[PDB]
Each structure stands twice: as C-alpha cells, then as structure tokens.
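Text of the file upload.pdb, holding PDB, C-alpha atoms:
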```
ATOM      1  CA  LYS F   6       0.000   0.000   0.000
ATOM      2  CA  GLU F   7       1.215   3.468  -1.018
ATOM      3  CA  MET F   8      -0.273   4.893   2.197
ATOM      4  CA  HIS F   9       1.668   2.613   4.539
ATOM      5  CA  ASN F  10       4.916   3.075   2.614
ATOM      6  CA  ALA F  11       4.533   6.868   2.772
ATOM      7  CA  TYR F  12       4.149   6.717   6.549
ATOM      8  CA  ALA F  13       7.233   4.471   6.707
ATOM      9  CA  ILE F  14       9.243   6.966   4.672
ATOM     10  CA  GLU F  15       8.171   9.908   6.863
ATOM     11  CA  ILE F  16       9.276   8.064  10.025
ATOM     12  CA  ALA F  17      12.532   6.934   8.397
ATOM     13  CA  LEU F  18      13.477  10.513   7.515
ATOM     14  CA  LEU F  19      13.061  11.821  11.089
ATOM     15  CA  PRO F  20      16.563  13.162  11.930
ATOM     16  CA  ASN F  21      16.648  12.765  15.729
ATOM     17  CA  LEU F  22      15.666   9.084  15.970
ATOM     18  CA  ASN F  23      18.333   6.493  16.794
ATOM     19  CA  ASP F  24      18.818   3.164  15.022
ATOM     20  CA  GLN F  25      16.730   1.346  17.671
ATOM     21  CA  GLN F  26      13.744   3.695  17.677
ATOM     22  CA  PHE F  27      14.034   3.720  13.890
ATOM     23  CA  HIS F  28      13.666  -0.053  13.606
ATOM     24  CA  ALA F  29      11.073  -0.342  16.377
ATOM     25  CA  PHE F  30       8.776   2.108  14.598
ATOM     26  CA  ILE F  31       9.252   0.720  11.073
ATOM     27  CA  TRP F  32       8.882  -2.868  12.275
ATOM     28  CA  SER F  33       5.702  -2.098  14.228
ATOM     29  CA  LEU F  34       4.368  -0.428  11.092
ATOM     30  CA  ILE F  35       5.084  -3.518   8.984
ATOM     31  CA  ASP F  36       3.523  -5.708  11.682
ATOM     32  CA  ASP F  37       0.239  -3.775  11.754
ATOM     33  CA  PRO F  38       0.009  -1.110   9.007
ATOM     34  CA  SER F  39      -3.364  -0.079  10.443
ATOM     35  CA  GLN F  40      -1.267   1.638  13.138
ATOM     36  CA  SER F  41       0.749   3.679  10.632
ATOM     37  CA  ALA F  42      -0.797   7.054  11.513
ATOM     38  CA  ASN F  43      -0.473   6.659  15.275
ATOM     39  CA  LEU F  44       3.064   5.333  14.829
ATOM     40  CA  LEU F  45       3.987   8.454  12.847
ATOM     41  CA  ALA F  46       2.490  10.895  15.366
ATOM     42  CA  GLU F  47       4.268   8.999  18.151
ATOM     43  CA  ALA F  48       7.500   9.101  16.155
ATOM     44  CA  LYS F  49       7.075  12.803  15.363
ATOM     45  CA  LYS F  50       6.321  13.703  19.008
ATOM     46  CA  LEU F  51       9.442  11.738  19.971
ATOM     47  CA  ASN F  52      11.684  13.210  17.270
ATOM     48  CA  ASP F  53      10.858  16.767  18.394
ATOM     49  CA  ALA F  54      11.446  15.861  22.044
ATOM     50  CA  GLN F  55      14.918  14.551  21.193
ATOM     51  CA  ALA F  56      16.046  17.724  19.427
ATOM     52  CA  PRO F  57      19.386  19.375  20.327
TER      53      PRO F  57
ATOM     54  CA  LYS I   6       6.591 -39.809  -5.078
ATOM     55  CA  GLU I   7       8.904 -42.430  -3.780
ATOM     56  CA  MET I   8       8.921 -44.256  -7.141
ATOM     57  CA  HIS I   9      10.087 -41.228  -9.127
ATOM     58  CA  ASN I  10      12.981 -40.720  -6.697
ATOM     59  CA  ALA I  11      13.900 -44.415  -6.801
ATOM     60  CA  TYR I  12      14.270 -44.115 -10.579
ATOM     61  CA  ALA I  13      16.355 -40.947 -10.184
ATOM     62  CA  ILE I  14      18.714 -42.703  -7.773
ATOM     63  CA  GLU I  15      19.059 -45.694 -10.125
ATOM     64  CA  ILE I  16      20.041 -43.523 -13.093
ATOM     65  CA  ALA I  17      22.507 -41.635 -10.909
ATOM     66  CA  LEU I  18      24.083 -44.930  -9.760
ATOM     67  CA  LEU I  19      25.234 -45.937 -13.248
ATOM     68  CA  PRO I  20      29.015 -45.379 -13.018
ATOM     69  CA  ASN I  21      30.081 -45.142 -16.678
ATOM     70  CA  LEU I  22      28.015 -42.027 -17.465
ATOM     71  CA  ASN I  23      29.688 -38.608 -17.678
ATOM     72  CA  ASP I  24      28.632 -35.368 -15.974
ATOM     73  CA  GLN I  25      26.628 -34.300 -19.042
ATOM     74  CA  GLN I  26      24.712 -37.541 -19.600
ATOM     75  CA  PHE I  27      24.014 -37.855 -15.868
ATOM     76  CA  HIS I  28      22.358 -34.437 -15.762
ATOM     77  CA  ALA I  29      20.404 -34.812 -18.998
ATOM     78  CA  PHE I  30      18.679 -37.951 -17.691
ATOM     79  CA  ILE I  31      18.000 -36.640 -14.181
ATOM     80  CA  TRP I  32      16.680 -33.297 -15.431
ATOM     81  CA  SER I  33      14.508 -34.936 -18.074
ATOM     82  CA  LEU I  34      13.131 -37.200 -15.345
ATOM     83  CA  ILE I  35      12.503 -34.306 -12.956
ATOM     84  CA  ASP I  36      10.696 -32.452 -15.780
ATOM     85  CA  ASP I  37       8.620 -35.497 -16.776
ATOM     86  CA  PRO I  38       8.195 -38.126 -14.001
ATOM     87  CA  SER I  39       6.038 -40.279 -16.304
ATOM     88  CA  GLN I  40       9.043 -41.123 -18.516
ATOM     89  CA  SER I  41      10.977 -42.461 -15.493
ATOM     90  CA  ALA I  42      11.262 -46.117 -16.586
ATOM     91  CA  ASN I  43      12.174 -45.421 -20.215
ATOM     92  CA  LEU I  44      14.892 -42.958 -19.244
ATOM     93  CA  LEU I  45      16.296 -45.683 -16.994
ATOM     94  CA  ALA I  46      16.636 -48.173 -19.853
ATOM     95  CA  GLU I  47      18.282 -45.725 -22.270
ATOM     96  CA  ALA I  48      20.841 -44.826 -19.590
ATOM     97  CA  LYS I  49      21.405 -48.537 -18.973
ATOM     98  CA  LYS I  50      22.104 -48.979 -22.682
ATOM     99  CA  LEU I  51      24.416 -45.976 -22.580
ATOM    100  CA  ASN I  52      26.185 -47.072 -19.379
ATOM    101  CA  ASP I  53      27.325 -50.437 -20.776
ATOM    102  CA  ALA I  54      28.060 -49.087 -24.259
ATOM    103  CA  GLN I  55      30.456 -46.902 -22.302
ATOM    104  CA  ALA I  56      32.003 -49.843 -20.474
ATOM    105  CA  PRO I  57      35.704 -49.456 -19.710
TER     106      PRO I  57
ATOM    107  CA  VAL G  14      14.683 -36.606   4.874
ATOM    108  CA  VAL G  15      14.975 -34.711   1.581
ATOM    109  CA  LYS G  16      14.877 -36.992  -1.464
ATOM    110  CA  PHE G  17      17.839 -37.057  -3.884
ATOM    111  CA  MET G  18      15.956 -35.749  -6.922
ATOM    112  CA  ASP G  19      14.420 -32.983  -4.807
ATOM    113  CA  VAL G  20      17.895 -31.958  -3.684
ATOM    114  CA  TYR G  21      19.340 -32.096  -7.188
ATOM    115  CA  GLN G  22      16.512 -29.973  -8.592
ATOM    116  CA  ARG G  23      16.616 -27.292  -5.871
ATOM    117  CA  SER G  24      20.407 -27.009  -6.012
ATOM    118  CA  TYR G  25      21.009 -26.803  -9.759
ATOM    119  CA  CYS G  26      22.137 -23.484 -11.215
ATOM    120  CA  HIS G  27      19.308 -21.002 -11.182
ATOM    121  CA  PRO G  28      18.348 -17.448 -10.136
ATOM    122  CA  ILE G  29      17.906 -17.360  -6.349
ATOM    123  CA  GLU G  30      17.018 -14.486  -4.021
ATOM    124  CA  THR G  31      20.360 -13.336  -2.600
ATOM    125  CA  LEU G  32      21.036 -10.660   0.037
ATOM    126  CA  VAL G  33      23.708  -8.273  -1.200
ATOM    127  CA  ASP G  34      25.527  -5.441   0.566
ATOM    128  CA  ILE G  35      24.807  -2.144  -1.191
ATOM    129  CA  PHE G  36      28.476  -1.165  -0.809
ATOM    130  CA  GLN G  37      29.366  -4.198  -2.924
ATOM    131  CA  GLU G  38      27.314  -2.777  -5.790
ATOM    132  CA  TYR G  39      28.215   0.852  -5.107
ATOM    133  CA  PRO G  40      31.815   0.833  -3.765
ATOM    134  CA  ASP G  41      32.445   4.529  -4.484
ATOM    135  CA  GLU G  42      29.591   5.425  -2.105
ATOM    136  CA  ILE G  43      31.582   4.450   1.024
ATOM    137  CA  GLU G  44      31.082   7.976   2.403
ATOM    138  CA  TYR G  45      27.371   7.267   2.851
ATOM    139  CA  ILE G  46      25.275   5.088   5.143
ATOM    140  CA  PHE G  47      22.413   3.189   3.493
ATOM    141  CA  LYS G  48      19.229   1.914   5.145
ATOM    142  CA  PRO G  49      18.780  -0.823   4.554
ATOM    143  CA  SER G  50      22.465  -1.629   3.926
ATOM    144  CA  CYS G  51      21.678  -4.753   1.893
ATOM    145  CA  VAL G  52      19.065  -5.639  -0.717
ATOM    146  CA  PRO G  53      17.355  -8.808  -2.031
ATOM    147  CA  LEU G  54      18.550  -9.518  -5.573
ATOM    148  CA  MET G  55      17.886 -12.424  -7.941
ATOM    149  CA  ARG G  56      21.366 -13.822  -8.584
ATOM    150  CA  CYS G  57      22.748 -16.960 -10.241
ATOM    151  CA  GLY G  58      23.413 -19.606  -7.604
ATOM    152  CA  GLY G  59      23.817 -23.359  -7.255
ATOM    153  CA  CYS G  60      25.941 -26.084  -8.813
ATOM    154  CA  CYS G  61      26.627 -27.368 -12.306
ATOM    155  CA  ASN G  62      27.808 -30.810 -11.171
ATOM    156  CA  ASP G  63      30.626 -30.660 -13.716
ATOM    157  CA  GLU G  64      34.134 -29.304 -13.164
ATOM    158  CA  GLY G  65      34.321 -27.785 -16.647
ATOM    159  CA  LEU G  66      31.213 -25.704 -16.024
ATOM    160  CA  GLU G  67      30.081 -22.705 -13.978
ATOM    161  CA  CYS G  68      26.689 -21.153 -13.207
ATOM    162  CA  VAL G  69      26.553 -17.828 -15.070
ATOM    163  CA  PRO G  70      23.888 -15.268 -16.044
ATOM    164  CA  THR G  71      22.575 -15.617 -19.600
ATOM    165  CA  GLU G  72      20.030 -12.821 -19.187
ATOM    166  CA  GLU G  73      19.979  -9.745 -16.958
ATOM    167  CA  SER G  74      17.624  -6.973 -15.860
ATOM    168  CA  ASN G  75      17.855  -3.886 -13.674
ATOM    169  CA  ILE G  76      15.585  -3.299 -10.664
ATOM    170  CA  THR G  77      14.866  -0.042  -8.839
ATOM    171  CA  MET G  78      14.315   0.297  -5.089
ATOM    172  CA  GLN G  79      13.760   3.042  -2.518
ATOM    173  CA  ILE G  80      16.830   3.329  -0.268
ATOM    174  CA  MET G  81      17.676   5.757   2.532
ATOM    175  CA  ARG G  82      20.995   7.550   2.055
ATOM    176  CA  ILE G  83      22.721   9.277   4.957
ATOM    177  CA  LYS G  84      25.843  11.424   4.709
ATOM    178  CA  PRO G  85      26.602  11.549   8.456
ATOM    179  CA  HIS G  86      25.931  14.997   9.943
ATOM    180  CA  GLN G  87      24.587  16.625   6.759
ATOM    181  CA  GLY G  88      21.091  15.294   6.024
ATOM    182  CA  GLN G  89      19.476  12.102   4.740
ATOM    183  CA  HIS G  90      16.980  11.334   1.972
ATOM    184  CA  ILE G  91      15.041   8.369   0.599
ATOM    185  CA  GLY G  92      15.537   8.034  -3.138
ATOM    186  CA  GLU G  93      15.709   5.410  -5.863
ATOM    187  CA  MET G  94      18.694   3.117  -6.485
ATOM    188  CA  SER G  95      19.170   0.674  -9.374
ATOM    189  CA  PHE G  96      20.442  -2.885  -8.944
ATOM    190  CA  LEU G  97      21.488  -5.503 -11.510
ATOM    191  CA  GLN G  98      19.464  -8.737 -11.530
ATOM    192  CA  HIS G  99      19.893 -12.160 -13.137
ATOM    193  CA  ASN G 100      16.870 -13.476 -15.051
ATOM    194  CA  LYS G 101      18.305 -16.658 -16.583
ATOM    195  CA  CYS G 102      21.279 -18.754 -15.498
ATOM    196  CA  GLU G 103      23.269 -21.472 -17.247
ATOM    197  CA  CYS G 104      26.092 -23.939 -16.708
ATOM    198  CA  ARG G 105      28.868 -22.807 -19.024
ATOM    199  CA  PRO G 106      32.562 -23.538 -19.756
TER     200      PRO G 106
ATOM    201  CA  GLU R  13       7.932  -1.607 -10.798
ATOM    202  CA  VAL R  14       9.836   0.177  -8.010
ATOM    203  CA  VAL R  15      10.340  -1.742  -4.756
ATOM    204  CA  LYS R  16       8.888   0.315  -1.900
ATOM    205  CA  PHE R  17      11.149   1.252   1.030
ATOM    206  CA  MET R  18       9.085  -0.654   3.599
ATOM    207  CA  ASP R  19       9.263  -3.775   1.434
ATOM    208  CA  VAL R  20      13.013  -3.472   0.896
ATOM    209  CA  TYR R  21      13.471  -2.945   4.625
ATOM    210  CA  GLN R  22      11.364  -5.958   5.610
ATOM    211  CA  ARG R  23      12.854  -8.338   3.015
ATOM    212  CA  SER R  24      16.488  -7.407   3.697
ATOM    213  CA  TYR R  25      16.281  -7.548   7.495
ATOM    214  CA  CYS R  26      18.064 -10.311   9.404
ATOM    215  CA  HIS R  27      16.294 -13.577   8.972
ATOM    216  CA  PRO R  28      16.754 -17.225   7.915
ATOM    217  CA  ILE R  29      17.040 -17.350   4.117
ATOM    218  CA  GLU R  30      17.551 -20.296   1.782
ATOM    219  CA  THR R  31      21.249 -20.289   0.875
ATOM    220  CA  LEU R  32      23.159 -22.671  -1.410
ATOM    221  CA  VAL R  33      26.140 -24.185   0.417
ATOM    222  CA  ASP R  34      29.131 -26.174  -0.859
ATOM    223  CA  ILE R  35      29.041 -29.664   0.673
ATOM    224  CA  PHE R  36      32.858 -29.663   0.788
ATOM    225  CA  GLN R  37      32.553 -26.554   2.971
ATOM    226  CA  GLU R  38      30.343 -28.502   5.403
ATOM    227  CA  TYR R  39      32.287 -31.761   5.125
ATOM    228  CA  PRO R  40      35.900 -30.434   4.981
ATOM    229  CA  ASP R  41      37.265 -33.892   5.785
ATOM    230  CA  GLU R  42      35.832 -35.729   2.774
ATOM    231  CA  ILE R  43      37.360 -34.083  -0.262
ATOM    232  CA  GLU R  44      38.471 -37.498  -1.500
ATOM    233  CA  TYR R  45      34.797 -37.853  -2.391
ATOM    234  CA  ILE R  46      32.820 -36.121  -5.130
ATOM    235  CA  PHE R  47      29.206 -35.169  -4.457
ATOM    236  CA  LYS R  48      26.174 -34.889  -6.705
ATOM    237  CA  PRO R  49      24.817 -32.440  -6.229
ATOM    238  CA  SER R  50      27.871 -30.563  -4.890
ATOM    239  CA  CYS R  51      25.831 -27.946  -3.013
ATOM    240  CA  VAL R  52      22.684 -28.078  -0.876
ATOM    241  CA  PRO R  53      19.882 -25.580  -0.031
ATOM    242  CA  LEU R  54      20.146 -24.598   3.638
ATOM    243  CA  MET R  55      18.232 -22.082   5.781
ATOM    244  CA  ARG R  56      20.874 -19.621   7.002
ATOM    245  CA  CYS R  57      21.052 -16.231   8.705
ATOM    246  CA  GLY R  58      21.292 -13.386   6.198
ATOM    247  CA  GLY R  59      20.426  -9.710   5.819
ATOM    248  CA  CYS R  60      21.269  -6.519   7.697
ATOM    249  CA  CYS R  61      20.699  -5.075  11.169
ATOM    250  CA  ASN R  62      21.016  -1.395  10.213
ATOM    251  CA  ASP R  63      22.721  -0.813  13.552
ATOM    252  CA  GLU R  64      26.526  -0.767  13.642
ATOM    253  CA  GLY R  65      26.448  -2.117  17.206
ATOM    254  CA  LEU R  66      24.478  -5.212  16.203
ATOM    255  CA  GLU R  67      25.068  -8.302  14.058
ATOM    256  CA  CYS R  68      22.847 -10.996  12.545
ATOM    257  CA  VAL R  69      23.382 -14.257  14.465
ATOM    258  CA  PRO R  70      21.557 -17.612  14.663
ATOM    259  CA  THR R  71      19.750 -18.024  17.998
ATOM    260  CA  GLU R  72      18.180 -21.410  17.215
ATOM    261  CA  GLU R  73      19.732 -24.234  15.174
ATOM    262  CA  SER R  74      18.651 -27.637  13.876
ATOM    263  CA  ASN R  75      19.950 -30.295  11.502
ATOM    264  CA  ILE R  76      18.444 -31.387   8.194
ATOM    265  CA  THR R  77      19.059 -34.653   6.352
ATOM    266  CA  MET R  78      19.444 -35.035   2.589
ATOM    267  CA  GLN R  79      19.931 -37.835   0.079
ATOM    268  CA  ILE R  80      23.269 -37.201  -1.611
ATOM    269  CA  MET R  81      25.199 -39.170  -4.219
ATOM    270  CA  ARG R  82      28.606 -39.993  -2.753
ATOM    271  CA  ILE R  83      31.061 -40.773  -5.531
ATOM    272  CA  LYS R  84      34.447 -42.358  -4.912
ATOM    273  CA  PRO R  85      35.897 -41.794  -8.411
ATOM    274  CA  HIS R  86      36.715 -44.967 -10.378
ATOM    275  CA  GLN R  87      36.141 -47.029  -7.233
ATOM    276  CA  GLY R  88      32.440 -46.769  -6.437
ATOM    277  CA  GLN R  89      29.431 -44.563  -5.866
ATOM    278  CA  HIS R  90      26.420 -44.860  -3.578
ATOM    279  CA  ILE R  91      23.496 -42.822  -2.234
ATOM    280  CA  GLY R  92      24.071 -41.783   1.369
ATOM    281  CA  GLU R  93      22.144 -39.647   3.833
ATOM    282  CA  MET R  94      24.093 -36.530   4.889
ATOM    283  CA  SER R  95      23.329 -34.071   7.702
ATOM    284  CA  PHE R  96      23.672 -30.283   7.532
ATOM    285  CA  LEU R  97      23.379 -27.426  10.025
ATOM    286  CA  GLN R  98      20.394 -25.088   9.598
ATOM    287  CA  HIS R  99      19.376 -21.739  11.124
ATOM    288  CA  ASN R 100      15.807 -21.639  12.478
ATOM    289  CA  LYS R 101      15.966 -18.209  14.118
ATOM    290  CA  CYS R 102      18.171 -15.176  13.464
ATOM    291  CA  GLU R 103      18.362 -12.096  15.658
ATOM    292  CA  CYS R 104      20.275  -8.823  15.559
ATOM    293  CA  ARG R 105      22.604  -8.882  18.565
ATOM    294  CA  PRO R 106      25.505  -6.890  20.042
ATOM    295  CA  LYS R 107      29.045  -7.764  18.938
TER     296      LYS R 107
END
```
Rewrite the structure from the file as structure tokens, please.
Amino acid sequence: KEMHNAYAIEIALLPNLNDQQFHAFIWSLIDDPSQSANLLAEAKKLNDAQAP
Amino acid sequence: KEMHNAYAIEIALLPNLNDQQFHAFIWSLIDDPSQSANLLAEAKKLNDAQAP
Amino acid sequence: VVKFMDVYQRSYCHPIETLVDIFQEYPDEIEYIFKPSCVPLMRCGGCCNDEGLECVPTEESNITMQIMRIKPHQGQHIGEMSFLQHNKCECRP
Amino acid sequence: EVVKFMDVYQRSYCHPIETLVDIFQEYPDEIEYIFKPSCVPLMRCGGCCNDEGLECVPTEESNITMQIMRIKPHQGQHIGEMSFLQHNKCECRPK
C-alpha cells in the first residue's frame, strides 16, 4: 500500500531518531500497518522531544 | 513420489556415465516423471556401451 | 529426509534471491550510510555438477528500489537506487 | 515496478534465508569424495541489522538430512544420507 509506505518513509526521515527507535517504529508499522498514523504521530512527538 | 525418486537414484548410480549424460537424464526425469522407466533403460544402454 | 531428486533440482544453477551489501554494488559510495544496507537480488546460484562448467547469467535486468541515504551529519533522503538482476542462469565452460 | 522502502526494509532484514552451500565446505574432511549435487539448499542467517552495534546471528539451530550421491571416483558410488546445520531463528545482537 502506497499509504503505509509513505508513513514508513516519513518516520525513516526523522533526523533525531536512533537506530533502535528507527527499527522499532518501522517494524511495528510492517507488523500492523493499520497503526501507521499513530506510529507516525508517536515518532514525530518523539523526534521533536529529542532535538538538540 | 517415492517411485520417481527411486528411478532418479538408479540412473545416478550408473558409473560409466559422464557429468553431461548424468544431468540430462535426471533433469529430463525431474521435468517429466512419467518417462521415469524409459529414461532408466536408455541410460542402462548408454552405461554399458560406455564400459571401460 | 529430503529426497535425492528434490535436492538435485533445488540445487542446480538457477536465479535465487540473494542478500547483497549495497556497498558491494556501489563501492564509491563508502562515504554514505544506506538503510537498509543490503538488498534482495535475484542472482545466479547453485551447482553445475561438472568441473568444466560454472553457473553464469545468460540474461539480466535492472531493478529499482527506494533506499535511505545518509551522509553523516549533513542530512538524509530516501531516493531510488538501481540494482542488476539475473533473469536466466546457465552452466557454461 | 519500483520496490517500496518498507518492502526493501522488511525483506532485507536479518532472517533465515535459503542459501546454497558447498558440501565440501560442510564436510571439509571428505574431499576425496565427489558429491552430486555438490551444493545443498540450507536455511541460514542473512540480511542486515542497520545498527553498527548489532550483528545478525543464529539463535536457534537444527539439523536437516538429505539424500546425496557420494562418488568415490573410479572405485564406487552410492546414495548416502548426509546431515547439515540449519538456522531456524536469526536475531540482531551486540558484537
């Protein structure tokens, strides 16, 4: 699905995530793509919190 | 099928065949399991005609 | 137990999905970090059961994938990379 | 078509993948013999971890048995059962 892949790309491009958060998010997305949106908002909220 | 594999093993057991002949027979057999017995005879003919 | 003919068939030279390091295909791109760092490619594999033969590609294609590229400490992007694939394989001298 | 990022990521990530292995490589002590076929299809750890602090290792292993033609050149040949090591589970772990 183009939708799910787009979400995956958005999360992947977040600059302040580490390799572990990166994988955890992407892998959860693959596991249950119906959680894509929530996973992205979670990832975005996290990425901003971990800014320098 | 156990019979098809028994025929394969028999053809492979003929010593006087070369790498090329070996393969031709086995691959033909794998492709067409119905021809199993006939392929066995022809290789038998070939194996002894190639007696050292 | 796996039967002899079943082994022979599954092992004979053919295109098989093979995990390849991106750096092996793009060695001049060492400065970058790729995610993922390896990709699934159809490559010639298996045996020819001959000593005068070798499994080699008789027909090739190119495939395009989305890969993340990171130049450490100056931005990352997800773009398209091309990879060589093997469509047909043969036992040859 | 173009392979989507999420599909490349999933398919390239550490896991057991069918890999063709030299029998000589698995039976180093029997290179008097010649085998047909000479290689066998074995489930093995492959792929990436995308974390420089981690590596793809087998965490569960089993054996599998195959029918192989064992040829002693010019002095015999016979079908024998041969055992090989297989990877059932692969995980990304610290080096």
Exercise for the section: Would you kindly translate the PyMOL selection byres ((chain R) within 10 of (chain F)) into the concrete residues it picks from this file, as a PyMOL selection string? Expected result: chain R and resi 16-19+21-22+25+61-65
Computed gap from atom CA of residue 19 of chain F to atom CA of residue 45 of chain F is 9.8 Å
For the provided coordinates, the residues matched by the ChimeraX specification (/I :<12) & /G should be stated as a tab-separated table (two decimals) with C-alpha atoms, keeping the file's coordinate frame.
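Wrote it out as selection-v4.tsv, contents follow:
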```
chain	number	residue	atom	x	y	z
G	14	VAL	CA	14.68	-36.61	4.87
G	15	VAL	CA	14.98	-34.71	1.58
G	16	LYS	CA	14.88	-36.99	-1.46
G	17	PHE	CA	17.84	-37.06	-3.88
G	18	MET	CA	15.96	-35.75	-6.92
G	19	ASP	CA	14.42	-32.98	-4.81
G	20	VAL	CA	17.90	-31.96	-3.68
G	21	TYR	CA	19.34	-32.10	-7.19
G	22	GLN	CA	16.51	-29.97	-8.59
G	23	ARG	CA	16.62	-27.29	-5.87
G	24	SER	CA	20.41	-27.01	-6.01
G	25	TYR	CA	21.01	-26.80	-9.76
G	26	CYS	CA	22.14	-23.48	-11.22
G	60	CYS	CA	25.94	-26.08	-8.81
G	61	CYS	CA	26.63	-27.37	-12.31
G	62	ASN	CA	27.81	-30.81	-11.17
G	63	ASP	CA	30.63	-30.66	-13.72
G	64	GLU	CA	34.13	-29.30	-13.16
G	65	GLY	CA	34.32	-27.78	-16.65
G	66	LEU	CA	31.21	-25.70	-16.02
G	104	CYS	CA	26.09	-23.94	-16.71
G	105	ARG	CA	28.87	-22.81	-19.02
```
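Superposing chain F on chain I by least squares over all C-alpha atoms, matched in sequence order, gives an RMSD of 0.4 Å.
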Nearby residues (all atoms listed in the file) at most 7 Å from segment 73-88 of chain G, same-chain spacing under 6 positions excluded, as a PyMOL selection string:
(chain G and resi 44-49+94-100) or (chain R and resi 14-17)
Original post:
Could you spell out the hits of the ChimeraX specification (/G :<10) & /R on the shown file, as a PyMOL selection string?
Top reply: chain R and resi 13-26+29-34+46-54+58-63+76-81+91-95
#### Entry: Separation of atom CA of residue 40 of chain R from atom CA of residue 83 of chain R in Å
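Those two atoms sit 15.5 Å apart.
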### Task
Record the distance separating atom CA of residue 51 of chain I and atom CA of residue 8 of chain I, expressed in Å with one decimal.
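Atom-to-atom, atom CA of residue 51 of chain I and atom CA of residue 8 of chain I are spaced 21.9 Å apart.
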12 Å contact set for residue 57 of chain F, all atoms listed in the file, chain neighbours under 6 positions out, as a list in words:
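Selected residues are residues 20, 21 and 22 of chain F.
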N, CA and C atoms are needed for segment 37-56 of chain G; please write them out as a PDB file, in the frame of the given file.
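Resulting contents of selection_34.pdb:
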```
ATOM      1  N   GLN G  37      28.770  -3.270  -1.972  1.00  0.00           N
ATOM      2  CA  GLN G  37      29.366  -4.198  -2.924  1.00  0.00           C
ATOM      3  C   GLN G  37      28.962  -3.842  -4.350  1.00  0.00           C
ATOM      4  N   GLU G  38      27.825  -3.170  -4.485  1.00  0.00           N
ATOM      5  CA  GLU G  38      27.314  -2.777  -5.790  1.00  0.00           C
ATOM      6  C   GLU G  38      27.677  -1.327  -6.078  1.00  0.00           C
ATOM      7  N   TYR G  39      27.864  -0.560  -5.009  1.00  0.00           N
ATOM      8  CA  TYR G  39      28.215   0.852  -5.107  1.00  0.00           C
ATOM      9  C   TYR G  39      29.394   1.179  -4.196  1.00  0.00           C
ATOM     10  N   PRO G  40      30.594   0.710  -4.575  1.00  0.00           N
ATOM     11  CA  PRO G  40      31.815   0.833  -3.765  1.00  0.00           C
ATOM     12  C   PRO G  40      32.343   2.261  -3.632  1.00  0.00           C
ATOM     13  N   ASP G  41      31.998   3.142  -4.566  1.00  0.00           N
ATOM     14  CA  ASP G  41      32.445   4.529  -4.484  1.00  0.00           C
ATOM     15  C   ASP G  41      31.586   5.346  -3.515  1.00  0.00           C
ATOM     16  N   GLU G  42      30.518   4.735  -3.003  1.00  0.00           N
ATOM     17  CA  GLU G  42      29.591   5.425  -2.105  1.00  0.00           C
ATOM     18  C   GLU G  42      29.889   5.158  -0.622  1.00  0.00           C
ATOM     19  N   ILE G  43      31.118   4.732  -0.340  1.00  0.00           N
ATOM     20  CA  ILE G  43      31.582   4.450   1.024  1.00  0.00           C
ATOM     21  C   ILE G  43      31.337   5.584   2.030  1.00  0.00           C
ATOM     22  N   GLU G  44      31.325   6.821   1.545  1.00  0.00           N
ATOM     23  CA  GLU G  44      31.082   7.976   2.403  1.00  0.00           C
ATOM     24  C   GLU G  44      29.684   7.967   3.021  1.00  0.00           C
ATOM     25  N   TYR G  45      28.759   7.244   2.401  1.00  0.00           N
ATOM     26  CA  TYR G  45      27.371   7.267   2.851  1.00  0.00           C
ATOM     27  C   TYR G  45      27.016   6.068   3.724  1.00  0.00           C
ATOM     28  N   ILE G  46      25.873   6.177   4.389  1.00  0.00           N
ATOM     29  CA  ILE G  46      25.275   5.088   5.143  1.00  0.00           C
ATOM     30  C   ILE G  46      23.927   4.803   4.495  1.00  0.00           C
ATOM     31  N   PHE G  47      23.679   3.547   4.134  1.00  0.00           N
ATOM     32  CA  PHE G  47      22.413   3.189   3.493  1.00  0.00           C
ATOM     33  C   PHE G  47      21.516   2.383   4.429  1.00  0.00           C
ATOM     34  N   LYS G  48      20.224   2.697   4.419  1.00  0.00           N
ATOM     35  CA  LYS G  48      19.229   1.914   5.145  1.00  0.00           C
ATOM     36  C   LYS G  48      18.094   1.527   4.209  1.00  0.00           C
ATOM     37  N   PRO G  49      17.911   0.217   3.985  1.00  0.00           N
ATOM     38  CA  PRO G  49      18.780  -0.823   4.554  1.00  0.00           C
ATOM     39  C   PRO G  49      20.155  -0.859   3.885  1.00  0.00           C
ATOM     40  N   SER G  50      21.106  -1.584   4.468  1.00  0.00           N
ATOM     41  CA  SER G  50      22.465  -1.629   3.926  1.00  0.00           C
ATOM     42  C   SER G  50      22.649  -2.768   2.920  1.00  0.00           C
ATOM     43  N   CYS G  51      21.651  -3.643   2.838  1.00  0.00           N
ATOM     44  CA  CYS G  51      21.678  -4.753   1.893  1.00  0.00           C
ATOM     45  C   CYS G  51      20.322  -4.875   1.211  1.00  0.00           C
ATOM     46  N   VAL G  52      20.304  -5.499   0.039  1.00  0.00           N
ATOM     47  CA  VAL G  52      19.065  -5.639  -0.717  1.00  0.00           C
ATOM     48  C   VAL G  52      18.896  -7.040  -1.306  1.00  0.00           C
ATOM     49  N   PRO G  53      17.640  -7.493  -1.448  1.00  0.00           N
ATOM     50  CA  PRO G  53      17.355  -8.808  -2.031  1.00  0.00           C
ATOM     51  C   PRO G  53      17.434  -8.757  -3.557  1.00  0.00           C
ATOM     52  N   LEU G  54      18.366  -9.509  -4.129  1.00  0.00           N
ATOM     53  CA  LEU G  54      18.550  -9.518  -5.573  1.00  0.00           C
ATOM     54  C   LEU G  54      18.527 -10.941  -6.126  1.00  0.00           C
ATOM     55  N   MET G  55      17.850 -11.132  -7.257  1.00  0.00           N
ATOM     56  CA  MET G  55      17.886 -12.424  -7.941  1.00  0.00           C
ATOM     57  C   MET G  55      19.246 -12.630  -8.603  1.00  0.00           C
ATOM     58  N   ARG G  56      20.037 -13.544  -8.050  1.00  0.00           N
ATOM     59  CA  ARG G  56      21.366 -13.822  -8.584  1.00  0.00           C
ATOM     60  C   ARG G  56      21.570 -15.307  -8.880  1.00  0.00           C
TER      61      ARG G  56
END
```
